[PDB]
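Only one structure is covered here, and it is reproduced in the block below.
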Amino acid sequence: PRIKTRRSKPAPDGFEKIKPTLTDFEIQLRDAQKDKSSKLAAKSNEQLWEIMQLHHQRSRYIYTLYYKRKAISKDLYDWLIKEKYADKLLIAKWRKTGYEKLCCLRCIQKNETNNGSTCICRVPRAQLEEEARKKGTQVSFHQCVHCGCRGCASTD
RNA sequence: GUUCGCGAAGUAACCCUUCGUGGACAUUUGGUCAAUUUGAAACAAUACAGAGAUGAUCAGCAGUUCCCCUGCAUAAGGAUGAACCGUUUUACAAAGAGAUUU
Ligand SMILES: [K+]
Ligand SMILES: [K+]
Ligand SMILES: [K+]
Ligand SMILES: [Zn+2]
Ligand SMILES: [Zn+2]
Ligand SMILES: [Zn+2]
């Protein structure tokens, strides 16, 4: 979230009920962002994957509060969005059929992949398994490179 | 996951609720690249020596080169940037004379 300044309106009614959870997310992100001297490239990437996961989880929590549980008012939701507590573009994808579990927006940026495809993590696990067993090899896909997503198709 | 349709249970019957089941939506990331000795950076350090044309001290500007360095550079600078300094035999014939040989 963005720093509090004269531009910031007071947190709407109900913020204090959710604030402890948002503070735990903040603490986790505050530690993940640190420099940890990871020697290996693989571990280095996995440390950015933790940040992408935490960002997703915080937005997912707020999304569940507003759209699924109706536990917060629209004024609070709009404030959380304005204050960058939740990613509105990612929540916008979660509201669309077939994207209800999208890990991140980067995994659907077709323009940035070599083949113009989405990230492999969008493919339903059943289709990868069928292709692999037909081919006679195990499923080689484990975690995608942009974020450590292991599969985010709505069916999985 | 969502949603459209169907079976079913719950309810007096709808709404609603769950179990089952068909369709729709969403569909292949990344690497020319592994993490200290063995696939390659260099300066420096110790020693000696102390810059071409000079009897002596020097300004230089070039050229040739499968040597380049600094610089944005087609400028300029780098000892006149450096190297240059050695080694060198046959398109080999003609005319004539005096000695050698059968
Ligand atoms: K001298
Ligand atoms: K000179
Ligand atoms: K010069
Ligand atoms: Zn994903
Ligand atoms: Zn992703
Ligand atoms: Zn992905």
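Lettering of chains follows the sequences in order, A, B, ..., and the numbering in each one begins at 1. Atom set for the values below is all heavy atoms of this structure, side chains included, hydrogens, waters and symmetry mates excluded.
The side chain of A:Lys110 contributes an N or O atom lying less than 4.0 Å from OP1 or OP2 of B:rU27. Phosphate proximity of B:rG1 to A:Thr97: absent, as no side-chain N or O sits under 4.0 Å from OP1 or OP2. Note on A:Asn114: every side-chain N or O is 4.0 Å or more away from OP1 and OP2 of B:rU29.
By the 6.0 Å and 45° rule, A:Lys70 stacks over the aromatic ring of A:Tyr66.
Under the 6.0 Å cut-off for aromatic ring centres, A:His56 and A:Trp49 do not qualify, their centroids lying 6.0 Å or more apart.
Nucleotides B:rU64 and B:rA83 qualify as a pair under the Watson-Crick or G-U wobble definition, both contacts being shorter than 3.5 Å.
The listed nucleotides are B:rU29, B:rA35, B:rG1; the one nearest the side chain of A:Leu40 is B:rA35. Here the side chain of A:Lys39 is nearest to one of B:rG1, B:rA35, B:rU29, namely B:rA35. Set against B:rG1, B:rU29, B:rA26, the side chain of A:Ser117 has B:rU29 as its closest nucleotide. Counting only heavy atoms from C-beta on, A:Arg122 has its side chain closest to B:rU27 among B:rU27, B:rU29, B:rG1. In the set B:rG31, B:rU29, B:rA26, the nucleotide with an atom closest to the side chain of A:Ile120 is B:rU29.
Figure legend. B:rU27 is base-paired to no nucleotide; pairs are counted as Watson-Crick or G-U wobble with both atom distances under 3.5 Å.
Using a 4.0 Å heavy-atom cutoff across all strands shown, A:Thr113 reaches sugar-phosphate atoms only and no base atom.
Using the sign of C1'-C2'-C3'-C4' as the criterion, B:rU38 is classed as south-puckered. A negative value of the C1'-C2'-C3'-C4' dihedral assigns B:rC33 to the south, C2'-endo side.
Listed by residue number, A:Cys144, A:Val145, A:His146 are the residues of residues 137-152 of chain A with a heavy-atom contact under 4.0 Å to RNA chain B.
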Compile the donor-acceptor pairs under 3.5 Å between side chains in residues 79-88 of chain A and protein atoms, sequence neighbours left out, one pair per line.
unit_1: A:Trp79; atom_1: NE1; unit_2: A:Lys9; atom_2: O; d: 3.0
unit_1: A:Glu83; atom_1: OE1; unit_2: A:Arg2; atom_2: NE; d: 2.9
unit_1: A:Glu83; atom_1: OE2; unit_2: A:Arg2; atom_2: NH2; d: 3.4
unit_1: A:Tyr85; atom_1: OH; unit_2: A:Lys4; atom_2: NZ; d: 3.4
unit_1: A:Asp87; atom_1: OD1; unit_2: A:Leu89; atom_2: N; d: 3.0
unit_1: A:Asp87; atom_1: OD1; unit_2: A:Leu90; atom_2: N; d: 3.3

